[PDB]
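Beneath this line is the structure, given in structure tokens, with notes to follow.
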Amino acid sequence: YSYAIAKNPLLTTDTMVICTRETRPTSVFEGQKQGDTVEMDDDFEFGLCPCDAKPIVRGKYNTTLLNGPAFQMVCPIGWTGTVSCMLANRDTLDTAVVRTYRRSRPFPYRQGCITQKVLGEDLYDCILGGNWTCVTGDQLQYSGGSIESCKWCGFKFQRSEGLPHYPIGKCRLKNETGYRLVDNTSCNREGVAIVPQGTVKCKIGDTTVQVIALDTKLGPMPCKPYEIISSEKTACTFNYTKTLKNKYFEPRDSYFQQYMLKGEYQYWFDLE
Amino acid sequence: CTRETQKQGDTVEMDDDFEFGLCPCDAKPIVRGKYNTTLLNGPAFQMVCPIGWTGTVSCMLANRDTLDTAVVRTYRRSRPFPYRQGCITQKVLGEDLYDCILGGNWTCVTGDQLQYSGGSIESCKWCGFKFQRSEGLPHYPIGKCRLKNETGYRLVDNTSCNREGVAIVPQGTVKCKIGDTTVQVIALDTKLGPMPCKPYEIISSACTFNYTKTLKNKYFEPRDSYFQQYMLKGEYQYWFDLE
Ligand SMILES: *[C@@H]1O[C@H](CO)[C@@H](O)[C@H](O)[C@H]1NC(C)=O
Ligand SMILES: *[C@@H]1O[C@H](CO)[C@@H](O)[C@H](O)[C@H]1NC(C)=O
Ligand SMILES: *[C@@H]1O[C@H](CO)[C@@H](O)[C@H](O)[C@H]1NC(C)=O
Ligand SMILES: *[C@@H]1O[C@H](CO)[C@@H](O)[C@H](O)[C@H]1NC(C)=O
Ligand SMILES: *[C@@H]1O[C@H](CO)[C@@H](O)[C@H](O)[C@H]1NC(C)=O
Ligand SMILES: *[C@@H]1O[C@H](CO)[C@@H](O)[C@H](O)[C@H]1NC(C)=O
Ligand SMILES: *[C@@H]1O[C@H](CO)[C@@H](O)[C@H](O)[C@H]1NC(C)=O
Ligand SMILES: *[C@@H]1O[C@H](CO)[C@@H](O)[C@H](O)[C@H]1NC(C)=O
């Protein structure tokens with residue numbers, strides 16, 4: 001007997017006959033090509049492969065949701081690629097393309113798709129895709145709107161008081177749960193760094209802030225005192241003499257290492 | 001006198017030790033010199049301590065009514081007289097001992113204040129205060145110092161009382177001590193400068209204060225209201241209250 005399954009001195013044995021994509025030992029239907037290359041329109045989101053072929057997606061990223069011969073584009077924002085419908089030959093193992101869904105230019109913004117994703121506490125933009133097909137992406141920047149809180153140097157702030165400016169660092173809007181980048185201002189303020197794990201506690205507005213010194217220079221602290229401790233058990237005893245305005249005698253207060261002067265009197269303290 | 005039987009005058013050159021002279025014919029001695037050293041009585045005159053003295057002592061003979069005067073003798077000293085033995089060339093004016101550029105004894109012509117060359121010093125008066133020892137002073141001897149063998153003070157140096165912006169004045173604002181001496185001082189400027197003395201009297205003291213934790217030489221904005229400076233020690237900032 002003869003197999004009699006051929007495409008055109010010494011065949012496919014198929015993919016077409018158990019479909020009319022292509023026409024079908026010396027002594028041995030037509031090919032309907034219409035709709036071989038389908039160009040995906042700006043609003044294209046659903047395609048069905050002919051001859052019950054499997055859709056093979058060769059694109060920029062994964063947006064496709066496939067079921068048998070049918071497939072659907074889910075929020076394909078900026079997606080470029082091809083969706084080739086294929087059928088295999090059992091005896092040779094080679095595959096034949098019945099239809100090619102092509103997208104040569106990136107898809108524009110699809111209406112109803114969310115292009116923002118929250119990763120931890122930071123709100124990121126979706127460079128590619130949307131919804132569950134979103135691909136992150138550089139952190140979203142603050143353009144405007146009502147701010148709930150601002151996280152700077154690892155501390156949360158809700159007021160301009162005690163801060164160099166406002167808003168600072170990463171700030172969360174009342175609209176979103178995620179934080180948006182506002183500034184990259186340094187925590188090292190006049191040789192003092194605002195660090196989450198520090199040496200001394202101090203207050204900025206209403207927030208308890210931890211600080212570490214970089215230099216031992218006589219400089220200001222970027223915060224207000226955290227807690228003030230009154231001696232009432234440490235005692236205070238001192239000696240004083242009469243002097244001239246800003247004129248001092250040789251001894252420097254042993255504990256303070258500075259000439260203690262007020263108006264016309266010099267002081268020397270002793271602390272228990 | 002040999003004027004009546006030579007009317008022409010005589011010439012006498014004063015020697016280095018010449019002190020006494022007598023005018024002939026009872027003539028009056030007219031002294032034309034550098035300064036007053038002469039002690040005259042009728043025709044006789046005395047050169048009291050002439051040290052550096054140059055001039056002439058002309059014996060002028062006068063008649064009346066005609067005021068015509070003829071010189072019978074001229075005592076002359078062209079070169080200055082050297083030091084006369086027995087004459088004192090130092091005069092005390094107040095407390096300061098001055099040198100005699102010309103003359104000696106009561107004929108002394110004051111010169112610049114005698115300077116200290118050497119010898120045992122009794123005391124040193126500087127800025128109106130007496131000092132007998134080097135402690136608390138910039139150097140010693142200072143200003144004008146009196147020797148043991150003398151009564152007057154000799155100039156040692158010309159160091160100022162006003163330093164560094166503080167005046168050591170006999171009548172001052174605040175009392176302070178230099179060695180063992182009680183010194184009065186006045187301020188010239190209100191600059192943050194040192195006092196040239198030690199405290200006169202130390203008075204011992206209630207005292208109450210507040211403190212917080214801070215970083216090494218790192219301060220919070222409020223300066224202690226009284227002291228007007230950031231009270232810092234190690235890792236703690238202070239704020240005092242004195243009631
Ligand atoms: C796309 O396809 C599958 C989805 O599970 C995965 O193996 C592959 O890594 C995805 N591609 C990227 C870039 O994540
Ligand atoms: C994207 O998600 C929204 C709900 O958040 C939904 O209404 C919309 O249909 C989704 N779009 C696609 C293409 O799945
Ligand atoms: C409201 O939330 C949306 C989230 O897409 C954001 O684009 C918008 O800017 C927020 N509103 C304001 C006032 O910022
Ligand atoms: C302060 O007073 C005490 C008690 O009189 C004394 O022992 C101490 O030396 C004094 N300190 C100074 C710097 O004068
Ligand atoms: C010399 O001293 C004064 C002038 O300075 C004068 O009064 C005095 O009579 C003079 N002495 C004599 C003895 O002439
Ligand atoms: C100068 O005074 C001394 C001491 O009084 C005396 O010994 C001396 O003779 C006096 N000399 C003259 C020339 O007056
Ligand atoms: C006092 O001593 C000094 C030398 O130190 C000397 O110059 C001076 O003439 C002396 N005076 C008397 C009166 O001895
Ligand atoms: C010091 O403590 C007292 C009592 O608590 C308080 O009245 C005063 O304001 C405090 N001063 C400073 C500078 O904190």
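In the structure tokens, chains take the letters A, B, ... in the order shown, each chain's residues start at 1, and ligands count up from 1 in the order shown.
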Select from chain B every residue with an atom at most 9 Å from any atom of ligand 6, then for each give the shortest pair of atoms and their distance in Å to one decimal, using only C-alpha atoms and all ligand atoms, rows by chain and rising number, as a tab-separated table.
```
residue	atom	partner	partner_atom_place_in_ligand_line	distance
B:19	CA	ligand 6	13 (C)	7.7
B:46	CA	ligand 6	13 (C)	8.4
B:47	CA	ligand 6	13 (C)	7.3
B:48	CA	ligand 6	13 (C)	4.4
B:49	CA	ligand 6	13 (C)	4.7
B:50	CA	ligand 6	13 (C)	8.2
B:84	CA	ligand 6	13 (C)	7.9
B:85	CA	ligand 6	11 (N)	8.1
B:86	CA	ligand 6	8 (C)	4.8
B:87	CA	ligand 6	1 (C)	4.6
B:88	CA	ligand 6	1 (C)	6.3
B:104	CA	ligand 6	1 (C)	7.3
B:105	CA	ligand 6	1 (C)	5.0
B:106	CA	ligand 6	14 (O)	7.6
B:107	CA	ligand 6	14 (O)	8.6
```
Could you write out that same residue set with N, CA, C and O atoms as a tab-separated table (two decimals), in the first residue's frame?
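And here is the file that came out, out_35.tsv:
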```
chain	number	residue	atom	x	y	z
B	19	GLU	N	87.35	126.75	91.31
B	19	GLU	CA	86.07	126.90	92.00
B	19	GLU	C	85.92	128.31	92.60
B	19	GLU	O	84.80	128.80	92.72
B	46	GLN	N	81.87	132.03	93.53
B	46	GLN	CA	82.19	130.61	93.67
B	46	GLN	C	81.50	129.79	92.57
B	46	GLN	O	80.29	129.90	92.38
B	47	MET	N	82.28	128.95	91.89
B	47	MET	CA	81.80	128.04	90.85
B	47	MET	C	81.32	126.76	91.53
B	47	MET	O	82.10	125.83	91.72
B	48	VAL	N	80.04	126.74	91.96
B	48	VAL	CA	79.47	125.59	92.67
B	48	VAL	C	79.15	124.49	91.66
B	48	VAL	O	78.28	124.66	90.80
B	49	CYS	N	79.88	123.36	91.78
B	49	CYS	CA	79.76	122.14	90.96
B	49	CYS	C	79.59	122.45	89.45
B	49	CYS	O	78.58	122.04	88.87
B	50	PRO	N	80.52	123.16	88.79
B	50	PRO	CA	80.35	123.38	87.35
B	50	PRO	C	80.78	122.12	86.59
B	50	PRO	O	81.97	121.82	86.50
B	84	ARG	N	83.67	117.21	88.94
B	84	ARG	CA	84.21	117.81	90.15
B	84	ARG	C	83.98	116.85	91.31
B	84	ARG	O	82.84	116.44	91.55
B	85	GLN	N	85.06	116.46	92.01
B	85	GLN	CA	84.99	115.53	93.13
B	85	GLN	C	84.29	116.17	94.32
B	85	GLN	O	84.62	117.29	94.72
B	86	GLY	N	83.28	115.47	94.84
B	86	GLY	CA	82.46	115.90	95.96
B	86	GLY	C	81.07	116.33	95.54
B	86	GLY	O	80.22	116.58	96.40
B	87	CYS	N	80.82	116.41	94.22
B	87	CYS	CA	79.55	116.82	93.63
B	87	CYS	C	78.68	115.62	93.29
B	87	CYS	O	79.18	114.61	92.80
B	88	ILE	N	77.37	115.73	93.55
B	88	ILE	CA	76.39	114.68	93.29
B	88	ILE	C	75.70	114.99	91.95
B	88	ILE	O	75.12	116.07	91.80
B	104	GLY	N	75.95	119.94	89.29
B	104	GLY	CA	75.84	119.04	90.43
B	104	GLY	C	75.33	119.76	91.66
B	104	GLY	O	75.23	120.99	91.66
B	105	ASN	N	75.01	118.99	92.73
B	105	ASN	CA	74.47	119.47	94.01
B	105	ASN	C	73.18	120.29	93.76
B	105	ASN	O	72.24	119.74	93.21
B	106	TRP	N	73.14	121.58	94.13
B	106	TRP	CA	71.95	122.42	93.92
B	106	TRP	C	71.98	123.12	92.54
B	106	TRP	O	70.98	123.73	92.15
B	107	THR	N	73.11	123.00	91.80
B	107	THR	CA	73.28	123.60	90.47
B	107	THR	C	73.00	122.58	89.36
B	107	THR	O	73.22	122.87	88.18
```
Residue contacts of segment 30-34 of chain A (7 Å, only C-alpha atoms) excluding same-chain residues fewer than 5 positions away, as a VMD selection string: chain A and resid 20 to 24
Take the residues just selected and output them with C-alpha atoms as a PDB file, in the first residue's frame.
```pdb
ATOM      1  CA  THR A  20      -6.216  23.717   4.411  1.00  0.00           C
ATOM      2  CA  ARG A  21      -3.072  25.794   5.391  1.00  0.00           C
ATOM      3  CA  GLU A  22      -0.889  24.196   2.612  1.00  0.00           C
ATOM      4  CA  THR A  23      -1.629  22.012  -0.492  1.00  0.00           C
ATOM      5  CA  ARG A  24      -1.508  18.172  -0.165  1.00  0.00           C
TER       6      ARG A  24
END
```
Counting only C-alpha atoms and all ligand atoms, which residues in chain A sit no more than 7 Å from ligand 2? For each one, give the nearest pair of atoms and the distance in Å, sorted by chain then residue number, as JSON lines.
```
{"residue": "A:74", "atom": "CA", "partner": "ligand 2", "partner_atom_place_in_ligand_line": "13 (C)", "distance": 4.6}
{"residue": "A:75", "atom": "CA", "partner": "ligand 2", "partner_atom_place_in_ligand_line": "13 (C)", "distance": 4.8}
{"residue": "A:112", "atom": "CA", "partner": "ligand 2", "partner_atom_place_in_ligand_line": "8 (C)", "distance": 5.2}
{"residue": "A:113", "atom": "CA", "partner": "ligand 2", "partner_atom_place_in_ligand_line": "1 (C)", "distance": 4.6}
{"residue": "A:114", "atom": "CA", "partner": "ligand 2", "partner_atom_place_in_ligand_line": "1 (C)", "distance": 6.4}
{"residue": "A:131", "atom": "CA", "partner": "ligand 2", "partner_atom_place_in_ligand_line": "1 (C)", "distance": 5.0}
```
Residue 61 of chain B environment, 7 Å, only C-alpha atoms, sequence neighbours closer than 5 positions dropped, as a PyMOL selection string: chain B and resi 27-28+69-72
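For residue 59 of chain B, the residues within 9 Å (counting only C-alpha atoms, excluding itself and residues fewer than 6 positions away along the chain) are residues 9, 22, 23, 24, 26, 27, 28, 29, 30, 31, 43, 70, 71, 72, 73, 74 and 75 of chain B.
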Using the selection just defined, write its residues with C-alpha atoms as a PDB file, in the first residue's frame.
```
ATOM      1  CA  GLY B   9      91.719 144.378  81.687  1.00  0.00           C
ATOM      2  CA  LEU B  22      87.818 137.328  93.422  1.00  0.00           C
ATOM      3  CA  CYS B  23      87.368 140.373  91.157  1.00  0.00           C
ATOM      4  CA  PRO B  24      90.059 143.109  91.489  1.00  0.00           C
ATOM      5  CA  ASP B  26      85.949 145.608  94.098  1.00  0.00           C
ATOM      6  CA  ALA B  27      84.393 145.017  90.608  1.00  0.00           C
ATOM      7  CA  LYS B  28      81.121 143.076  90.273  1.00  0.00           C
ATOM      8  CA  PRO B  29      81.261 139.639  88.558  1.00  0.00           C
ATOM      9  CA  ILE B  30      79.028 139.311  85.464  1.00  0.00           C
ATOM     10  CA  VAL B  31      78.556 135.640  84.530  1.00  0.00           C
ATOM     11  CA  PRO B  43      83.536 141.075  94.164  1.00  0.00           C
ATOM     12  CA  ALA B  70      85.100 148.698  82.038  1.00  0.00           C
ATOM     13  CA  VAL B  71      86.191 145.025  82.362  1.00  0.00           C
ATOM     14  CA  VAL B  72      89.142 144.821  84.841  1.00  0.00           C
ATOM     15  CA  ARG B  73      89.409 140.950  84.663  1.00  0.00           C
ATOM     16  CA  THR B  74      87.833 138.185  82.535  1.00  0.00           C
ATOM     17  CA  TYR B  75      87.595 134.633  83.960  1.00  0.00           C
TER      18      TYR B  75
END
```
Protein and nucleic residues near ligand 3, 12 Å, only C-alpha atoms and all ligand atoms, as a PyMOL selection string: chain A and resi 112-118+123-126+140-148+171-178+180
Interface, chain A side, toward chain B (9 Å; only C-alpha atoms) as a PyMOL selection string: chain A and resi 192+199-202+211-213+215-232+235-250+255-257+260-263
Counting only C-alpha atoms, the option among B:89, B:6, B:53, B:126 closest to residue 162 of chain B: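 Once distances to residue 162 of chain B are computed over only C-alpha atoms, the minimum belongs to B:126.
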Contacts of chain A with ligand 1 up to 12 Å, shortest pair per row, only C-alpha atoms and all ligand atoms, as a Markdown table:
```
| residue | atom | partner | partner_atom_place_in_ligand_line | distance |
| --- | --- | --- | --- | --- |
| A:56 | CA | ligand 1 | 2 (O) | 11.2 |
| A:57 | CA | ligand 1 | 2 (O) | 9.4 |
| A:58 | CA | ligand 1 | 1 (C) | 9.8 |
| A:59 | CA | ligand 1 | 1 (C) | 9.3 |
| A:60 | CA | ligand 1 | 13 (C) | 7.8 |
| A:61 | CA | ligand 1 | 13 (C) | 5.5 |
| A:62 | CA | ligand 1 | 1 (C) | 5.0 |
| A:63 | CA | ligand 1 | 1 (C) | 8.6 |
| A:64 | CA | ligand 1 | 2 (O) | 9.3 |
| A:65 | CA | ligand 1 | 4 (C) | 10.4 |
| A:66 | CA | ligand 1 | 4 (C) | 11.7 |
| A:128 | CA | ligand 1 | 13 (C) | 11.4 |
| A:133 | CA | ligand 1 | 14 (O) | 10.1 |
| A:134 | CA | ligand 1 | 14 (O) | 10.9 |
| A:135 | CA | ligand 1 | 14 (O) | 9.1 |
| A:136 | CA | ligand 1 | 14 (O) | 11.5 |
```
Nearby residues (only C-alpha atoms) at most 7 Å from residue 102 of chain B, same-chain spacing under 3 positions excluded, as JSON, numbers by chain: {"B": [51, 52, 53, 108, 109]}
Residue with smallest distance to ligand 7 - pool B:242, B:127, B:121, B:155, counting only C-alpha atoms and all ligand atoms: B:121
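Between atom CA of residue 40 of chain B and atom 4 (C, counted along the ligand's line) of ligand 5 lies a distance of 13.0 Å.
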Length of the atom CA of residue 134 of chain B to atom CA of residue 111 of chain B vector [Å]: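 Atom CA of residue 111 of chain B lies 29.5 Å from atom CA of residue 134 of chain B.
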